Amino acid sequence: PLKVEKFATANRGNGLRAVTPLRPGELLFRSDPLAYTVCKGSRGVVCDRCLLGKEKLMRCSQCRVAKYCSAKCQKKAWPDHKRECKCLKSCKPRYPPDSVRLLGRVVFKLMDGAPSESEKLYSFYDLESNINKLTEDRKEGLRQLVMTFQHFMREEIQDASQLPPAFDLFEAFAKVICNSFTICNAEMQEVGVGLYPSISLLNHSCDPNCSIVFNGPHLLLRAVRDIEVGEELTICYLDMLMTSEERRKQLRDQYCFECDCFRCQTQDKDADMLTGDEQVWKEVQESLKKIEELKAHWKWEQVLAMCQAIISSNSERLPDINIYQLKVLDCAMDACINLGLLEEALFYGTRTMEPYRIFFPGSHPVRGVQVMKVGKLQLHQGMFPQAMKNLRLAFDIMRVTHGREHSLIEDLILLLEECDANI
C-alpha cells in the first residue's frame, strides 16, 4: 500500500501528501523514468543507459551518437533507442537540445511502450504546463523548440497520426520546462535529464520535508523530516547554494510561481552567503559560468586551473562561507579527486565542511556525499579517527537521504568497516 497520495492543494495545483505518519529516511516512492537521456556535457562520457562513466565507451554503429558502457547496456537500450537512432543519424552533425531528445523518447514511449509504472500516480498528460503564465518571450522560445522537434524527428514522425491523440507539441514542451528532473550520478555530478510524472506531483519548498536521490536513472523519494497524516510532501527544486533573489528568478522563469515560504520572506542566510567584498565575488560568480561549463564536460584539468587561480589568487580573496567561493572550492575538490590529486582534494574538501553544515541543514543528500568524499580522502591518507568521524556522519545523513535501496550506502558501509578495522 502507498504511503503517499495525490490531492488538490488550495493554491499550488495538485500535490502529494502523506497517508501515514512518516519518519526521517522512510522510502515513499521509487521510479524509473518515463523517458530520459544523457545531458549535453556527459554525452559520450557516461553510458546512455545506466549513466555510469567509463574510460572507453562503445558507440551505436548506426547513429554513432548513443554510447554505452557494455554490450549488455547497448542491447538493453535498443528498444528505447531504435526510433531516435534514425533521427540522430539523418540529422548529423546537428545534435538536438536535450529537451528535444527527451521529448522524442517521451513520444516513442507513449506510442510504442506499455503503460509506464512511472505514470502510476500522475501521467505526462496530467502534467502542469503553466501555459497561461508564460511570457511572450518564453512562448517564442517554446515555438522554436517545437520546430526543432519537427526538424529532428522528421524521419520517424511525419504527421499527427504518429503522435498520441490530441498531443500538442507546444503544450508538451511547456510541461517539460517545469517538470524535467536533472539526474545526477552517485558523486552528484549532473549526467542526465528525465521525466518522472508521478514524482512531478511534488511541489517546491525552500525548506523541504522530503528528498530525492538518483541511482543511475532510478529515483528514490525519501522523507527527511517527521511528517504527519495529510501533510503535504515537498522537495527543493533548487541548488541550496542560492540567495533568495536567485531562487525568485529561477522559480519565476522555469516554474512560474512566487515563493511565500519563511526563508524567502526573511532572505534567510542571504547575508552570510554574500560575505566578502562584492567586487570580488561578482568576478568569481562570473568565472563560475565557465568553470561549471567545463565541469559539465568533465574537463577536470581546466576546471582545477581556473579554481586555483581564484582559491590561491594574488588578488583579494573570499571567505569560504561565500557561496561562489564555496562553489569554486567544491569544483576544485571534485577535479582533484578525478585527477588523483588527493592531498589537494582533501584540503579543499575539508574547507567546505563547515559551510556545508550551515547551508545544507538537516539531512541533505548533497552534504552526505560531500562528507563521505572527505572521510574517504582521510581514510586513504591514514587519518583513521578523523575519517571514522566523517564516515559516521555521512552514514547518519545518507541512511536518511539514500537508504539501503541506494548502492552508495553499500560502498559507505565498506569504508566504515575498513576504517574501523584499522582503528
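Residues carry their position along the shown sequence, with the first being 1.
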Segment of higher mean CA temperature factor, 97-105 or 292-300 = 292-300
query = Averaged over C-alpha atoms, is the B-factor higher for 200-208 or for 160-168 in this PDB entry?
reply = 160-168
request  = Please pick out which of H364, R49, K40, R357 has the largest Cα B-factor as recorded in the entry.
outcome  = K40
task = Choose from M398, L391, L57, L34 the residue with the greatest Cα B-factor as stated in the PDB record.
result = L57
task = Taking the chain's C-alpha temperature factors as the reference, tell me which third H402 falls into: lowest, middle or highest.
result = lowest
task = Could you say whether, by C-alpha temperature factor, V369 belongs to the lowest, middle or highest third of its chain?
result = lowest
request  = Compare the C-alpha B factor of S180 with those of the other modelled residues in its chain, then answer lowest, middle or highest third.
outcome  = middle
task = Rank-wise, by C-alpha B-factor, drop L127 into the lowest, middle or highest third of its chain.
result = lowest
remark   = Of the three thirds of Cα B-factor ranks in this chain, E343 occupies the highest
